[PDB]
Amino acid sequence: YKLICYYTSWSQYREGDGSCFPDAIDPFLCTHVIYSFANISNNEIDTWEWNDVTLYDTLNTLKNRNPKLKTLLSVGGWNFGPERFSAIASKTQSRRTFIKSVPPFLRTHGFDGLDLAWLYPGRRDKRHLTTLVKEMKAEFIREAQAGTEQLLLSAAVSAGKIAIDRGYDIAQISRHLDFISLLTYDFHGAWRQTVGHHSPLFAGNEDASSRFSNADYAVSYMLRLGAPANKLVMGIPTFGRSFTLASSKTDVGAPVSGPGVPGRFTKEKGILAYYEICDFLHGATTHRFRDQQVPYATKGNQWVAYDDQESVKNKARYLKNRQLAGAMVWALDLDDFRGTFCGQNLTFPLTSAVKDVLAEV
């Protein structure tokens, strides 16, 4: 099984214990670590943070400890305008230029592959995404003639039915990608006036309307569209999404005034790292959606939807039962990486819980 794990560039800037650098990563935890995110300048892949080349080097020395470890560099991401990807992909010349610049960059910095995080392709982009993937892979196949191990090509893909139908030719790109990471954790929160869980495993008969917004539907759909299970990787979040309640009602459907109050370390309204949730739980009431099989918690007027060791292990068994290639975790720096916030003196409790299940039959 594969355990794909993301590490984010900007996590180095968090204060105190929240600060996370690549060397905090256990070399034997994941099978693949992906550095997010690279930028595109003058139609060429490029660094993003001022100290990326140094962090690239720090991440890749982990391979001196675990020679089996593979690293990839992800381009795009949420703060990368998808229109920018559009412009590059729609013109054969700017597209060829970008593709040509990738291998030498990856080779210079020690990466084993490229991860595409175009979030998200539109109806007019579907055709060009296919072209980009095809041609990128053809270039990787050609570069390997030089005697070096062929570069890996992956892509992070939306798990929303409508987003998939609109921007991706799943049957086509599946043939060229080494693996596809399903973003099965962005099913709610996204500017909605009600409380709900962003990463439910199952639909849950109670309130059948967002019948498509659960991991089980996304996986089944991808398999139906033509993607092989052995190339599919299910996304598991290491963060939670928060809401400020508009009323004293805490159960399903309850009013919401806006995103939750920022975490002390992550400082982003609406999000909380797992290590911040561990702290939040003290004095909170915990609940669990039995149908969806994921927990949530409340304290005062704050409502948090998250994943714990139990729900994460549950998702890992589900993916094994459907014979998928493995799991993807977003993100290592959001898990209790120091292992000092969540109690049991365990480093990376969430990611480790997933690894344990994956290591069983």
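Residues carry their position along the shown sequence, with the first being 1. Between two forms, the rigid core is the largest collection of C-alphas that superpose within 1.5 Å.
Of 184 to 192 and 284 to 292, the stretch whose C-alpha atoms sit farther from the shown form in 7 other deposited structures of this protein, after fitting on the rigid core, is 184 to 192. Averaged over structures and residues, the CA distance from the shown form in 7 other deposited structures of this protein after a core fit is larger for 205 to 213, of the two stretches 161 to 169 and 205 to 213.
Relative to its counterpart among 191 to 199 and 216 to 224, 191 to 199 has the higher mean temperature factor, C-alpha atoms as listed in the PDB entry.
Higher mean CA temperature factor between 129 to 137 and 247 to 255: 247 to 255, per the PDB entry. The PDB entry assigns the greatest CA B-factor among 178, 169, 115, 83 to 83.
For the set 292, 60, 39, 54, the maximum C-alpha B-factor listed in the entry falls on 292.
For residue 353, the recorded CA temperature factor ranks within the lowest third of the chain's modelled residues. Residue 238: CA B factor lies in the lowest third for its chain, per the PDB record. Remark: residue 311 belongs to the lowest third of its chain, ranked by C-alpha B-factor as recorded. Among all modelled residues in its chain, residue 321 ranks in the lowest third by Cα B-factor.
In the PDB entry, a CA B factor belonging to the highest third of its chain's modelled residues is recorded for residue 77.
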